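Each chain is listed here by its residues.
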Amino acid sequence: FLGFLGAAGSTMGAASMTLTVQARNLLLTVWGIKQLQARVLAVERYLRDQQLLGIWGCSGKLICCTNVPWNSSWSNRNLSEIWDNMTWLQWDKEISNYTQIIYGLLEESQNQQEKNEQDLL
Amino acid sequence: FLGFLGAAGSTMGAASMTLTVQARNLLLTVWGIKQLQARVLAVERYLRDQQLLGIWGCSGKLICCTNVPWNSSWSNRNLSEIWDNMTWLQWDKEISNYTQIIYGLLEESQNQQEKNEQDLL
Amino acid sequence: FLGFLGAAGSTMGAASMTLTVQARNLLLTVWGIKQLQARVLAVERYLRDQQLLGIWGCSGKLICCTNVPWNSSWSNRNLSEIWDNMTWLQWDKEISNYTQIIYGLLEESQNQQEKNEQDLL
Amino acid sequence: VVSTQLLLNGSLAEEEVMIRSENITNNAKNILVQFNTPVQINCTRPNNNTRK
Amino acid sequence: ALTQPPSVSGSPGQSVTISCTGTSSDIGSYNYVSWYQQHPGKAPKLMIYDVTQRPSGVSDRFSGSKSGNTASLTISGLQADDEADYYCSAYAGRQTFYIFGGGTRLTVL
Amino acid sequence: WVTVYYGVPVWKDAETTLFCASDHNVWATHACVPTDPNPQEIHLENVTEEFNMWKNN
Amino acid sequence: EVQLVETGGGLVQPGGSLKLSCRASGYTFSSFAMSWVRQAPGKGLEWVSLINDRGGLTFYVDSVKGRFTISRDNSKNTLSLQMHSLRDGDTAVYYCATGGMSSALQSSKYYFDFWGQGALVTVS
Amino acid sequence: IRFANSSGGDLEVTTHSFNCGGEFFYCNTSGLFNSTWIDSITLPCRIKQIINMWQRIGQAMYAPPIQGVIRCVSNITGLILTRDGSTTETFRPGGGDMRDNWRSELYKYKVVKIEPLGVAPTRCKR
Ligand SMILES: *[C@@H]1O[C@H](CO)[C@@H](O[C@@H]2O[C@H](CO)[C@@H](O[C@@H]3O[C@H](CO)[C@@H](O)[C@H](O[C@H]4O[C@H](CO)[C@@H](O)[C@H](O)[C@@H]4O)[C@@H]3O)[C@H](O)[C@H]2NC(C)=O)[C@H](O)[C@H]1NC(C)=O
Ligand SMILES: *[C@@H]1O[C@H](CO)[C@@H](O[C@@H]2O[C@H](CO)[C@@H](O)[C@H](O)[C@H]2NC(C)=O)[C@H](O)[C@H]1NC(C)=O
Ligand SMILES: *[C@@H]1O[C@H](CO)[C@@H](O[C@@H]2O[C@H](CO)[C@@H](O)[C@H](O)[C@H]2NC(C)=O)[C@H](O)[C@H]1NC(C)=O
Ligand SMILES: *[C@@H]1O[C@H](CO)[C@@H](O)[C@H](O)[C@H]1NC(C)=O
Ligand SMILES: *[C@@H]1O[C@H](CO)[C@@H](O)[C@H](O)[C@H]1NC(C)=O
Ligand SMILES: *[C@@H]1O[C@H](CO)[C@@H](O)[C@H](O)[C@H]1NC(C)=O
Ligand SMILES: *[C@@H]1O[C@H](CO)[C@@H](O)[C@H](O)[C@H]1NC(C)=O
Ligand SMILES: *[C@@H]1O[C@H](CO)[C@@H](O)[C@H](O)[C@H]1NC(C)=O
Ligand SMILES: *[C@@H]1O[C@H](CO)[C@@H](O)[C@H](O)[C@H]1NC(C)=O
Ligand SMILES: *[C@@H]1O[C@H](CO)[C@@H](O)[C@H](O)[C@H]1NC(C)=O
Ligand SMILES: *[C@@H]1O[C@H](CO)[C@@H](O)[C@H](O)[C@H]1NC(C)=O
Ligand SMILES: *[C@@H]1O[C@H](CO)[C@@H](O)[C@H](O)[C@H]1NC(C)=O
Ligand SMILES: *[C@@H]1O[C@H](CO)[C@@H](O)[C@H](O)[C@H]1NC(C)=O
Ligand SMILES: *[C@@H]1O[C@H](CO)[C@@H](O)[C@H](O)[C@H]1NC(C)=O
Ligand SMILES: *[C@@H]1O[C@H](CO)[C@@H](O)[C@H](O)[C@H]1NC(C)=O
Ligand SMILES: *[C@@H]1O[C@H](CO)[C@@H](O)[C@H](O)[C@H]1NC(C)=O
Ligand SMILES: *[C@@H]1O[C@H](CO)[C@@H](O)[C@H](O)[C@H]1NC(C)=O
Ligand SMILES: *[C@@H]1O[C@H](CO)[C@@H](O)[C@H](O)[C@H]1NC(C)=O
Ligand SMILES: *[C@@H]1O[C@H](CO)[C@@H](O)[C@H](O)[C@H]1NC(C)=O
Ligand SMILES: *[C@@H]1O[C@H](CO)[C@@H](O)[C@H](O)[C@H]1NC(C)=O
Ligand SMILES: *[C@@H]1O[C@H](CO)[C@@H](O)[C@H](O)[C@H]1NC(C)=O
Ligand SMILES: *[C@@H]1O[C@H](CO)[C@@H](O)[C@H](O)[C@H]1NC(C)=O
Ligand SMILES: *[C@@H]1O[C@H](CO)[C@@H](O)[C@H](O)[C@H]1NC(C)=O
Ligand SMILES: *[C@@H]1O[C@H](CO)[C@@H](O)[C@H](O)[C@H]1NC(C)=O
Ligand SMILES: *[C@@H]1O[C@H](CO)[C@@H](O)[C@H](O)[C@H]1NC(C)=O
């Protein structure tokens, strides 16, 4: 059907069915150096995102349901507007100022979970 | 016992006990560039296979049991012939023409599973 | 609070709450080549550790509880000394001679587990 | 900074002059002396040279 | 749970034994059988923990062991000051964490 | 009994390639990484470390 | 010497609620798991609930499982037990005790080391 | 403890060499190291235009002349001494090996490699 970024103008819940489409597209001496730099960078960027999912407990998943509550101060909207009306580009702009807060909370709830799971064994 | 590829001539079920043996072996300026290209490539190839296992739901596993049925049109043989008589090199030739079909099916069944698991939470 | 390696002088159980701090810090043509070599190496070292955790069944975890018993010959100490008195630097020296033995045992118990899990499905 | 005998424009010792050497009893080794205060030196070439 | 309904008695200087019987998927399999002493009106005190060990502050007149599905507490040089109820408890696994038996009254003669 | 930890604050002596950074030069010009205006330094409590300036690579 | 001091009301109506609490001192509160044990007015001891040293894991006996909450606050050195619904069968002395579990990075306990004096609760 | 001036060697060894204002100076330090135990002191200097850097042979450079008058002000922050050696010791200026001029700044730093995996006994089972 659609290829890479084809769902970019679709709503958030119409999209998010195409997650594998984008995930798979992330993979004269001076000229050769420029190309290696481009390739090394693509690898490093990929790995940073994977490491981050790992510390949040989402390794190996494209959709990861976590245990952090949503703060109404980040976005005071109902699921109907977010998933049926908005696109992912619009959403990214709406919550840009809260991204680092959310990421910090995700890391911490995983650390707490990971320790509780050790105590239960 | 056996080292890298030692099981190459063994039957499929005799092999597949040595999966970690092969997995661990995948890891003058112009001369230096040639060597970086070799190293960058090894990394990129490794990551493509890992990404692919990830989208199929097999991240972190060497043996991954999936939920896709086997089509008799891909190979009409019984487990006794496949696991006790054939080698992996022979098998790879036998089903070469179906590899992309199988991969597509694995991706799709995981997408369906991953969404069902969200609805149940 | 503390940043990278801040817990280095802390006891083992005081540390090990900071695992994400260290994990996140692991990520003219001749001059350019030297820098690519440095970057390629950081990636290769990262991946070797991840592969190793994977074959032990610890993919995606910072704390991984395994099924291999501790041999008193590796270190004859009680949890109180190891976790409340010693630091990780001291510990690493104490058991250096057993690291490869332990790693071999971890790989083998995972291979056995992984096969038992196939037979049960 | 490239120099011989006297080290210029470097860092200073925090409290006292320090003597450092690979082996202080080996006369074949050099001794590095780090000052805790600078000594100011003023150099000049007082000739109004022209270039062509 | 665990059981031992009778009272126990003896004269000063005589030893006494208090039993505690449970089941296999309880006291038999887990070596975590503590014993507690309680004088009426007071909170319980730990006398024996794990199986044979005693806390610092507990005298050596108190010792114990287990065999099969039955545990026991032994009091040696019995004193008049031992007149307390005694209870056994055990770790019964996850889900059912702890169980206790009925207490036995020790009477010194 | 064996538990695996990743992210443990342990190190060994090592030799590597360092890169240059800096805030018409002979030396550092464009082949040099711009510096961090607020560089970090972390005190390590209870850490004793052996140094040897004469063997410093 | 350590102390555990239970406080809280001792008389409620069935169908109501009751909060008990326990102040601790003389030991590092945050290093120990804690529990509540009941003593029936005329019988023996019964385990009711257990909480982890960090307050994250809680366990209950089936008979109070849908009714009681065990909670901990390591900054004030206190435990609490919040009872709801309440039955006549819940009349007992409620003891605050130290022990019960472990931290899995330390030697296990699975026994109770210290006891408080006990709060008396009557359900009318 | 006696200080003495430099021993014989090439100009690059026996004098205080430095580059300032774009020109290469070779100054005579015998006026600084001439004492037993412990206005201004004027040190004469020579100037060169043809420079052989470090200790290499085969690669010379010509330093273009600088127009106008050169004035430099700098801080002496340390010395390189060599001991000449039974009741007395003589110290003389030394140098010529550039690594000694960097060793004096990098002495506080060490490079280590991080090794993030480890194992330890705990009381749990998968
Ligand atoms: C020890 O540190 C001191 C202090 O940093 C250092 O002294 C400085 O040296 C530089 C270079 O000799 C001086 O900068 C010059 O100042 C004059 C003042 O009129 C300027 O005219 C110069 O500019 C001309 O030359 C440049 C060369 O390329 C041209 O690009 C430019 O267009 C001009 O033609 C130049 O700025 C600087 O002023 C002194 N600092 C002080 C405070 O005097 C000293 O050299 C260091 N010692 C050693 C041995 O390195
Ligand atoms: C450095 O300066 C000193 C004195 O400023 C020079 O010393 C003179 O050297 C000649 C050489 O035979 C002696 O005869 C003089 O008696 C010396 N004078 C003094 C005061 O000792 C020295 O030669 C200069 N060094 C160089 C390399 O030119
Ligand atoms: C010679 O050393 C002095 C003392 O270290 C230098 O002057 C200092 O420069 C720093 C730069 O941040 C200032 O913070 C200090 O307050 C200065 N101290 C004094 C006493 O002024 C001086 O600049 C050095 N000279 C050269 C040429 O580097
Ligand atoms: C574009 O917007 C229209 C408006 O309804 C929608 O139907 C269409 O599906 C959108 N495009 C995509 C790719 O979904
Ligand atoms: C929600 O966000 C606001 C502002 O960032 C913060 O004050 C509040 O604590 C957050 N909610 C919770 C429950 O933490
Ligand atoms: C969600 O928000 C939209 C816009 O504010 C509103 O029209 C809609 O009715 C809300 N959800 C419900 C409960 O209908
Ligand atoms: C959301 O989409 C529905 C689809 O008909 C539309 O009726 C509604 O007005 C939209 N709301 C906004 C604010 O875009
Ligand atoms: C984020 O912060 C910027 C700061 O100017 C502000 O302009 C923007 O509106 C903020 N975004 C939201 C939606 O809070
Ligand atoms: C090679 O074939 C023989 C035939 O039986 C078999 O026994 C042997 O094990 C095979 N080689 C390996 C490595 O298994
Ligand atoms: C099996 O393969 C054939 C040919 O590729 C295809 O027609 C058939 O649909 C497949 N079986 C199923 C159940 O999809
Ligand atoms: C499996 O296939 C082989 C070869 O066709 C046959 O010999 C064997 O009997 C089959 N399996 C069974 C049920 O025996
Ligand atoms: C498979 O291996 C068995 C082992 O004896 C042999 O008897 C049988 O003939 C083999 N079948 C084929 C077709 O290779
Ligand atoms: C795959 O397709 C090629 C096309 O020529 C054919 O030769 C080969 O036999 C096919 N393989 C199988 C086993 O179907
Ligand atoms: C350093 O040792 C002291 C000794 O008690 C300890 O309290 C302190 O916390 C240690 N440093 C760190 C970072 O824990
Ligand atoms: C423990 O270590 C010793 C020496 O390495 C070894 O002989 C022994 O077999 C090990 N224990 C077990 C149960 O394997
Ligand atoms: C653990 O070992 C230490 C030092 O040998 C000892 O002091 C301590 O008592 C031991 N653990 C117990 C059971 O107390
Ligand atoms: C371990 O730390 C405790 C803390 O007080 C101290 O009392 C004990 O002596 C220490 N043991 C050793 C051997 O370091
Ligand atoms: C490890 O082996 C070396 C070999 O010399 C020995 O010196 C060291 O003490 C051993 N380490 C331990 C703690 O067994
Ligand atoms: C430097 O200090 C160390 C500390 O043990 C000492 O052994 C060494 O000899 C000292 N160096 C000199 C030059 O005295
Ligand atoms: C330091 O130099 C003296 C001079 O002979 C020598 O004997 C001594 O062994 C040297 N020190 C070391 C550690 O080698
Ligand atoms: C050095 O001192 C002399 C003494 O008269 C003076 O003339 C000369 O200018 C001074 N040189 C410098 C660089 O200050
Ligand atoms: C050097 O010569 C230039 C030529 O115009 C003159 O302007 C300058 O003042 C002279 N400098 C001195 C120190 O005489
Ligand atoms: C050191 O001083 C003596 C004094 O006679 C002189 O002859 C010698 O040449 C001086 N050394 C240098 C390098 O000038
Ligand atoms: C060294 O000191 C003596 C003391 O009289 C003096 O005459 C001599 O000129 C000095 N040498 C230099 C190079 O200044
Ligand atoms: C340098 O210090 C010594 C110490 O005795 C003194 O005798 C000598 O005259 C001093 N020189 C100057 C120039 O002050």
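cryo-EM is the method the PDB entry lists for this structure, together with a resolution of 3.2 Å.

Named according to the PDB entry, chain G is RM20A3 Fab Heavy Chain originating from Macaca mulatta.

Under the annotation held in the PDB entry, chain D carries the name HIV-1 Envelope Glycoprotein BG505 SOSIP.664 gp120 and is attributed to Human immunodeficiency virus 1.

### Section: the overall build of chain G
Summing up its helical and strand segments, chain G has 0 helices and 11 strands in all. Its helices and strands taken in sequence order, chain G reads β-β-β-β-β-β-β-β-β-β-β from the N to the C terminus. By the compact-globule yardstick of 14 Å for 124 residues, chain G fits well, its C-alpha radius of gyration being 14 Å. Expressed as a percentage of its 124 residues, the buried residues of chain G come to 52%. Looking at chain G as shown, the accessible area adds up to about 5,200 Å², and 46% of this sits on carbon and sulfur atoms. Charge-centre separation for chain G: the mean point of 11 positive side chains lies 5 Å from the mean point of 9 negative side chains.

### Focus: the interface of chain D and chain H
The interface is formed by 39 residues belonging to chain D together with 47 residues belonging to chain H. Around 4,200 Å² of area is buried between chain D and chain H when both sides are counted, 51% of it from carbon and sulfur atoms. A per-residue breakdown of the area chain D buries against chain H is headed by D:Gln5, D:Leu7 and D:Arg45, which together make up 21% of the total. Put simply, chain D and chain H have 2 salt bridges between them. Between D:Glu14 and H:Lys108 there is a salt bridge, with its nearest N and O atoms 2.9 Å apart. Here chain D is connected to chain H by 29 residue pairs in polar contact.

### A closer look at the pairing of strand β4 (residues 45-48) of chain E
Residue and element names in this part refer to chain E. Here strand β3 (residues 35-38) runs beside β4; their pairing, made up of 3 bridges, is antiparallel. Across the sheet, residue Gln 37 finds its bridge partner in β4, namely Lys 45. Counted along the chain from β3 to the antiparallel partner β4, the turn is 6 residues long, and its residue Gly 41 has a positive phi close to 90°.

### Thoughts on a nonpolar patch on the surface
Residues D:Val2, H:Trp54, H:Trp102, H:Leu106 and H:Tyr109 make up a contiguous nonpolar surface patch of roughly 520 Å² in combined accessible area. What makes H:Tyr109 exposed here is its relative accessible area of 55%.

Rules behind the numbers
- Residues numbered from 1 in each chain as written, not as in the entry; some residues may be left out.
- Chains lettered and ligands numbered in written order.
- Part of a larger assembly, values for the part shown.
- Heavy atoms only, no water.
- Helix = DSSP H or I, 4+ residues; strand = E, 2+ residues; numbered from the N terminus.
- Rg over C-alpha atoms; globule rule 2.2 N^0.38 Å.
- Buried < 20%, exposed > 50% of the residue type's maximum accessible area, 1.4 Å probe, protein only.
- Areas by Shrake-Rupley, 256 points an atom, 1.4 Å probe, with all protein chains shown as cover.
- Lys, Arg positive; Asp, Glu negative; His and termini not counted.
- Charge placed at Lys NZ, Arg CZ, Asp CG, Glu CD.
- Contact = heavy atoms within 4.5 Å.
- Buried area = accessible area lost by both parts, 1.4 Å probe.
- Salt bridge = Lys/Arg side-chain N within 4 Å of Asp/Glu carboxyl O.
- Polar contact = N/O pair within 3.5 Å; in protein donor to acceptor, adjacent residues only side chain to side chain.
- Pairing = 2+ DSSP bridges.
- Patch = residues over 30% accessible without salt bridge, like charges linked within 9 Å, V, L, I, M, F, W, Y side chains within 5 Å.

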